[PDB]
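There is one chain below, alone, in structure tokens, taken in the form deposited in one PDB entry.
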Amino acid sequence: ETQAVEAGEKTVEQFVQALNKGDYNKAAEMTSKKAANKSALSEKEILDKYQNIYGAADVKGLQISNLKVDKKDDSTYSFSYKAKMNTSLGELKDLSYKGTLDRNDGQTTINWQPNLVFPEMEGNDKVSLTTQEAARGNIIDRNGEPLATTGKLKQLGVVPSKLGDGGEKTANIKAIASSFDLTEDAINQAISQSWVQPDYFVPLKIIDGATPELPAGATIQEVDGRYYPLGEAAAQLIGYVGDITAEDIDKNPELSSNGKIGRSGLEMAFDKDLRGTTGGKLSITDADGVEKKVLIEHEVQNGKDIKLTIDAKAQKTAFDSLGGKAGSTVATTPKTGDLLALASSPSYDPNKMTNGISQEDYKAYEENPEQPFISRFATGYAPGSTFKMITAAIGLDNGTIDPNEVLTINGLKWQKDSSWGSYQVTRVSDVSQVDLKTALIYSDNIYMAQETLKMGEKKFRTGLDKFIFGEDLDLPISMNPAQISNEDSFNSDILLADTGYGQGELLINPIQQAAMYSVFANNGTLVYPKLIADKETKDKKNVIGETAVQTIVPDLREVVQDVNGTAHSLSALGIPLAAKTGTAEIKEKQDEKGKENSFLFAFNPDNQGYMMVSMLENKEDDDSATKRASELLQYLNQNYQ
């Protein structure tokens, strides 16, 4: 009967999944009694064998194939199969397992033998694992400057024994507390943890400068560890690493139990390329200790470096220019798409995170209303009033907009008709006669709203659709694709109008904005941004017409040159600029009034060497993105031609 063979195969498959799912006791309970021709061990001993051995090699994911179950005698059935499993040294493949089953009335059991752990095992053999951790690779900028590297850090700590009794003990703590900027309550709390022992060195802080006077008990020790040279200026992008946990290993055995793992940003995105592969040997030995079989063996491979398009000098300038306010700044070389800077403010100290951080300091980052953990350059926002230049291009392309047509606009508020109720589009300057150029120079939202309505939704979307809404940019930074609105239709003249000047339901992150605005530096060609230096330049032709660009850019030079251009403060710099400012009124439930976002777009219209998009989120009164752009503009202009 194959009626028994059915159960035979079934038993082995159950045994196999029991091991696969790490439930060794369940597997043990499917074995025959301990005997000469049956199971070599008892259940408890089998359980202990797998737990000990499979645990030592971090075995995980036992999968089989080519199963066969024939019969040899009434009471015994032989079986065989190929198998593979993952370990802390990679996958073991094409392993040949075999043994026999014991049929008994309505019970089929496995005559367990040590060879069902690893095929070549017999009797009291042993397993040995040896390993070498791989060194983590580095993240460097476009010129080789380090962004994430491995430094030799100075570490301060105290030895309770060499501290004192009561007299100096209290005074020595004072000395080190002031000498190294440390709350003396943190020091006492540090030295009184359950693990601390009178003689041990109790680590306290990392000295990131020249080592000063050392009081009694205070001492410095070198330790290797990750180091982020730009600090918080590039924390959201770069991210940080943390101690590997038992839980991380459970998900991926190929990590180093004793190592570091990327917890955020690029460190995580490229954790694999950066961590390399563990070196080592997994072997079976005999009772004595002689090597009997090498299951896996390979030399360590250190992590490889990742070279970015980022310009460390630009990153820092972009970040510092935000003055610790909520905002972000993206800078590119629009003809190739290189991301020179990806700044987000406020930020967090990645060196503290990776070197052990106070549980209250961490919470301080989380509860901070300005949310430093957010990567603002990868977060979607209404693009703001700057978007008028896109709407304008579309209008010129489709013929809806005559640059010379002059709209007559009275006052600072406008609505199509009474169906809009109390809603009205708003502008800041009351200019009566407004043509396109005048609308761009003064940032006139009423003009663009009117032209958007004139154009109509069908044509406006036809133009928007030629951009990148909906697309997943090919970047190692988590983000959502830009959207025009929540649905395929606005179903609203108000929304259509608001979308026309960058408000409405538009969500476009800064990287996506720089991507879209690149058309003005490539005659209507859109150039996708890139972050990895070696990557090839990718673009998308005919997003807007060359005529539209040649019409609009001269107007954008006036936004700077003209005495009433919104970006005229930048004309003083004396460098060729084409720019466009913008705002975005946002509503919040917590705030009585509404918040305002300030934006700046700018590039060199002579050589198309650089481009930058900057924004201050929920700006303070009198603050502005333009007000903070000079240094970066001077720097990019100087080095990117």
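Quick note: we count residues from 1 along the sequence shown, nothing fancier. Here the rigid core means the biggest group of C-alpha atoms that line up within 1.5 Å when the two forms are laid on top of each other.
Below, we refer to the form deposited in another entry, which is not included among the displayed structures.
Overlay on the rigid core first, then point out the one of 111, 391, 309, 354 whose CA is displaced 2 Å or more between this form and the one not shown.
Comparing the C-alpha positions, the one residue that moves 2 Å or more is 111.
By the 2 angstroms cut-off, has the C-alpha of residue 286 moved between this form and the one not shown once the rigid core is superposed?
Result for residue 286: yes, a 2 Å-plus shift.
State yes or no: after fitting on the rigid core, is the Cα displacement of residue 210 between this form and the one not shown at least 2 Å?
Superposed on the core, residue 210 moves its C-alpha 2 Å or more between this form and the one not shown.
Has the Cα of residue 21 moved 2 Å or more between this form and the one not shown, judged after a core fit?
Moves: yes, 2 Å or greater.
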